[PDB]
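Single chain ahead, by itself, as structure tokens, in the form deposited in one PDB entry.
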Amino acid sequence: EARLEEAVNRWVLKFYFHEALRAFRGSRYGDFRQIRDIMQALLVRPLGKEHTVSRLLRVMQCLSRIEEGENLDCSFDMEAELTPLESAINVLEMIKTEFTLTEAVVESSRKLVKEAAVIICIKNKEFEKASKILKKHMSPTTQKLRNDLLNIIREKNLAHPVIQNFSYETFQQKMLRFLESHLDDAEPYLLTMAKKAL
């Protein structure tokens, strides 16, 4: 019941979380992935996990899924039948719960992820997947888009403005801004100590 290794592990987790966000923000996704992998390895160790660690990890989960979102070959679900962005949708719901966010606050960002999930499948000519995603998650306000995407899928029209104008870079950076807006902007202890040490 003791914080000793847990205390250091928390410091380490929060340090790499900070560095992962920093990397993602500078569009250094290679660095992000490397840091992600360190954090994955830490998860087996005692962290004294509570709601704040849980919150950090959900955000990290969502970003990791978004960073792999263009890679349809990979999966985060044991039911390895979900595209990365579909898993991202799932994590966003957990983020809504653990950050206690209103529907109004999350709706806009959920729409982006859903839009991206469908478009990425379309760009990869995975029309049946896009169709399933569109059905499952977009089945009132974004009617024009849902209908555009439905026609794009039916007609296999990758040439469409909706598809051609889509920027995954713009999308993922928008998601980071959203996710970061619900986090504390505190400098991690290890970084503070390193600055002191030089």
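Think of the rigid core as the biggest set of C-alphas that the two forms share within 1.5 Å after superposition. Residues carry their position along the shown sequence, with the first being 1.
- Count the deposited residues lacking coordinates between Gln164 and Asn165 and you get none at all.
- Mean CA temperature factor is higher for 72 to 80 when stretches 72 to 80 and 118 to 126 are set side by side in the entry.
- In this entry, the higher average B-factor at the C-alpha atoms falls on 148 to 156, of the pair 50 to 58 and 148 to 156.
- Per the deposited record, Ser139 carries the highest C-alpha B-factor of all listed residues (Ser131, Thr170, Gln34, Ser139).
- When all modelled residues of the chain are sorted by CA temperature factor, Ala194 is found within the middle third.
- Looking at the C-alpha B-factors along this chain, the one for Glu180 belongs to the middle third.
- In the deposited entry, the Cα temperature factor of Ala88 places it in the lowest third of its chain's modelled residues.
Quick note: we don't show the form deposited in another entry, though the next part is all about it.
- Only one of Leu47, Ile153, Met39, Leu56 has its C-alpha shifted by 2 Å or more between this form and the one not shown once the core is superposed, and that residue is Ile153.
- In the other form, the CA atoms of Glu169 and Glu155 come closer by at least 3 angstroms compared with the shown structure.
- Relative to the shown form, the Cα atoms of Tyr168 and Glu155 move together by 3 Å or more in the other form.
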